[PDB]
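Ideal geometry is used to build each Cβ from the backbone, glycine not excepted, and the neighbour counts take in all protein chains shown. Bear in mind that the values in this text are calculations on the coordinates, not laboratory data.
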Amino acid sequence: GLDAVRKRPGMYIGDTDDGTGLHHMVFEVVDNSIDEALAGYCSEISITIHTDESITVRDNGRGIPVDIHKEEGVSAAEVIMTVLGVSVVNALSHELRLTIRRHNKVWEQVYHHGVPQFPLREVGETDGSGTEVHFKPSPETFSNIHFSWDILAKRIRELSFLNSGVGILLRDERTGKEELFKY
Ligand SMILES: Cc1[nH]c(C(=O)Nc2nc3c(O[C@@H](C)c4ccccc4)cc(C(=O)O)cc3s2)c(Cl)c1Cl
């Protein structure tokens with residue numbers, strides 16, 4: 001059902017031309033990290049605007065489970081990222097890299113337009129826990145792929161205001177501007 005999203009993206013994400021939907025791609029990934037905060041697992045969220053106009057969102061939560069899911073026969077993480085949520089962002093990204101830190105292991109999966117390049121795979125060790133999503137918006141969906149500091153800042157000011165416990169770091173690599181927002 002990522003096909004449905006790719007076919008009619010306006011209906012899932014918002015306007016693909018005026019910047020509204022492009023920024024909502026970020027809002028949606030961040031909202032998943034806020035869920036992890038609200039559940040009590042996440043105190044810190046990092047959002048980075050890369051020089052190539054891609055986005056990294058990183059949290060210090062539990063990390064999405066990696067265990068094979070009985071029904072699909074793939075990792076729970078893959079299910080979450082591919083089956084209609086964040087799976088919309090995946091569908092509308094030409095490239096998305098998921099990195100999970102969980103039970104002292106680093107796991108990654110790369111998708112193209114939501115299709116996994118490979119099954120979730122072990123790549124390192126870690127003493128941290130949490131979830132990192134890097135995505136590159138598809139230029140077949142979006143025109144004028146240019147993120148706005150002001151738009152993401154406003155959203156984070158909202159999230160920070162409404163969730164006084166969470167520390168949210170915005171970094172713009174294009175300008176080097178950073179700000180930690182925490183009420
Ligand atoms: C950037 C970012 N961070 C997260 C994120 O941390 N989410 C986590 N979800 C869980 C969790 O529920 C899974 C099985 C689930 C998620 C959504 C819908 C249905 C099911 C279970 C557990 C657990 O049992 O330990 C941990 C996590 S962490 C997402 Cl999603 C995104 Cl995007």
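To the nearest 20 Debye, how big is the dipole of region 1-97 about its Cα centre, given +1 on the beta carbon of each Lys and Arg and -1 on that of each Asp and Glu?
So the magnitude is around 180 debye.
Among all the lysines, which ones have a C-alpha under 27 Å from residue 105's C-alpha, if same-chain residues fewer than 8 places away are not counted?
70, 136
Might you report the magnitude of the Cβ-based charge dipole of the chain about its Cα centre, with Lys and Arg at +1 and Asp and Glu at -1, to the nearest 20 debye?
The dipole of the chain has a size of about 120 debye.
Roughly what would the spin-label model give for residue 110 and residue 7, points 7 Å off Cα along C-beta, in nm?
Taking the simple label geometry, residue 110 and residue 7 are separated by 2.9 nm.
Checking the cross-link filter: which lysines have an alpha carbon closer than 18 Å to that of residue 182, excluding same-chain neighbours under 8 positions apart?
154
Note down the nm distance, to one decimal, between modelled labels 7 Å out along Cα→Cβ at residue 35 and at residue 161.
If labels sit at residue 35 and residue 161, their model points lie 2.5 nm apart.
Sorted from fewest to most neighbouring beta carbons within 10 Å, what does the list 80, 145 look like?
145, 80
Ranking 111, 183 by Cβ neighbours within 10 Å, fewest first, what do you get?
Placing the least packed residue first, the sequence is 183, 111.
Amide H neighbours of residue 74 under 5 Å, at least 5 residues apart or on other chains, H built in the peptide plane: list them.
Under 5 Å from the amide H of residue 74: 69.
Which one of 37, 119, 66 is farthest out on the positive end of the charge dipole of the chain, using unit charges on Cβ (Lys, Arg +1; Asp, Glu -1) and the Cα centre as origin?
Highest projection toward the positive end goes to 37.
Give the Kirkwood hydrodynamic radius (Å, one decimal) of region 1-129, defined as one over the mean of 1/r across all pairs of different Cα atoms.
15.3 Å
Using the crude model of +1 on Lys and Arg Cβ and -1 on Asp and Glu Cβ, and no other charge, please compute the dipole size for region 94-149 relative to its Cα centre, in debye to 20.
60 debye
Taking θ as phi - 60°, what are the ³J(HN,Hα) couplings along region 59-73 by the Karplus curve (6.51, -1.76, 1.60), each to the nearest whole Hz, with x for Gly and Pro?
Running phi through 6.51 cos²θ - 1.76 cosθ + 1.60 with θ = phi - 60° gives 10, 10, x, 6, x, 4, x, 10, 3, 4, 8, 2, 7, 7, x Hz.
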